[PDB]
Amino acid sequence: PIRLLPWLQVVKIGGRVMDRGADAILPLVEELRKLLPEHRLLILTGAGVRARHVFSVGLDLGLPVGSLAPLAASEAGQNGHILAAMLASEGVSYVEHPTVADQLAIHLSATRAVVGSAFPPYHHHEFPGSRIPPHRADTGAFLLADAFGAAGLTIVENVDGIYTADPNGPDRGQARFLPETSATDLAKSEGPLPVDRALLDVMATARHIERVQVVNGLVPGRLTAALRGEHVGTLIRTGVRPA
């Protein structure tokens, strides 16, 4: 399988990072600004806390998973409009799912970076089993990053990376940092992760992307570093054998 846009750098901004407002966003916008003359970025944005509120209302109404996914996905679309507005003076705009899928090469020939929703357009066709949509922001970013045969995917979280337990949870003392992991190893272990369990499932079927680094967007320089292959967070091996 051919790499469609091999020069592409896919960067996913966590929804919970957006939720932090001006304190997290303003520095990140400067980091992103300084990155434009270095990389040809596709900046995909997560949903965060509003998706939870749409879930709490949606589930209280008894709505199925396929109803909740578009709703959740809409929130990611809004953080995208926010981020793109901050980068508008740099010629950056939020672009919709049909435009990402078909006209990305033109949009990236026109500008240095474009913002899009991280979430995939599964809509009604989301998978059952769980009342919570499985194919979320991290999953949607990876499926798209691997589809385009891009140079890489970088997840921008509000934590240093993946830990043995939630670092902001009750057992935070018994949580230790993981500099490296396998998608297989994380899938086997049960409990919470800063990434979707669906992302690890889709990484098993990956074609091009070998590692996905999870980095702290609240620390300026991390994203810049990760994009240069510098190990500044958790590297997740996908299980795509090199040459």
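Counting begins at 1, following the sequence as shown. Basically, rigid core = biggest C-alpha set you can superpose within 1.5 Å across the two forms.
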### Summary
171 to 179 or 212 to 220, the stretch lying farther from the shown form in 8 other deposited structures of this protein by root mean square CA distance over structures and residues, after core fitting, is 171 to 179
### Task
Take the C-alpha B-factors listed in the entry for 22 to 30 and for 60 to 68, compute each mean, and give the stretch with the larger one.
60 to 68
### Message
Quick check: 114 to 122 versus 164 to 172, which has the larger average CA B-factor in the record?
### Response
164 to 172
### Task
From the list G77, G91, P133, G149, select the residue with the highest C-alpha B factor recorded in the entry.
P133
### Summary
One of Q213, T184, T45, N216 has the largest Cα B-factor in the entry, namely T184
### Query
Hey, what third does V54 fall into on Cα B-factor, ranked over its chain?
middle
### Task
Among all modelled residues of this chain, ranked by Cα B factor, put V240 in the bottom, middle or top third, i.e. lowest, middle or highest.
highest
### Where the record places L36 (Cα B-factor, split into thirds across the chain)
lowest
